[PDB]
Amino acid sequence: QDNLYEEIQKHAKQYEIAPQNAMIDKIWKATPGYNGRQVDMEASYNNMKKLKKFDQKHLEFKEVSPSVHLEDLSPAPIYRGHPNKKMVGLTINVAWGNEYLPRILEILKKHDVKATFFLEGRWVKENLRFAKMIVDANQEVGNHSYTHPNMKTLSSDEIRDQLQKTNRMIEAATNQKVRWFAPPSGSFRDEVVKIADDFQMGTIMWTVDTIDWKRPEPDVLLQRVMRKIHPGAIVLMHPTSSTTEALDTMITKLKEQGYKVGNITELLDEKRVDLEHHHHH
């Protein structure tokens, strides 16, 4: 019948995925785009030719960019990654819990997984070595306001002062550009999002709250996450005993379900996840 090259061609459409555009969902608000894919004929053929057999697991792909991107959207909060992207983002809000940071960092290293550490500005000032420890562990940091106020009720001047003082503290302590801002208690209004945007920060919310600050049993926390997780989920945690005791198993179970796990920058990237197959742009 058909040679191997023709067999790959005949399966190409089956594995094609169109790119998906960024948009502001009526419920979920600002959602990134996500790359599509098409079969890379050369790499796929090279992967199969010595085996002389078509095997979909050996397909490789070229990626296709969407036309509308996250940065094209009007300012709006981000609750989630793209709902077709088989990845979960981890976020850790830091205004206390120093004693749990080293173990959390070790667990993340063990899994080669990143999390976005949203740092309160006053905490950074008072704990410069722990802020450095996070970035020294190759993790990214974000802005968590200066004093943990309810930002929805603050004046525009106070919002700006909270965000700017925190960025100046984080940038001096870590030498990292701040891309992301997490509102204290998830409390915000449009003006908060707009001022954060004026400082070139996206406003990050979540889709899965561990409620770890109530000190739940680790298995209760784990089951809560697994009941609620979905492609593109953003998980909210803090440096607590509950999170520290559950995180290793949590990441293992997320990977066993087929998810990649990473930080906000990685989650919101348009690049496709490499799970059963390898994609390249």
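Numbering starts at 1 and runs along the sequence shown.
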Between 83 to 91 and 123 to 131, the record assigns the higher mean Cα B factor to 123 to 131
Taking the deposited Cα B-factors and averaging over 138 to 146 and over 169 to 177, the higher mean is found in 169 to 177
Per the deposited B-factor column, the C-alpha that peaks among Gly36, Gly232, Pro216, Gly33 belongs to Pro216
On the chain's distribution of Cα B-factors, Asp72 falls within the third called lowest
By the entry's values, the third containing the CA B factor of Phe118 is the lowest
Chain-relative C-alpha B factor for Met226 (record values, thirds): the highest
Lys62: C-alpha B-factor third of its chain, per the entry, is the middle
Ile195: C-alpha B-factor third of its chain, per the entry, is the middle
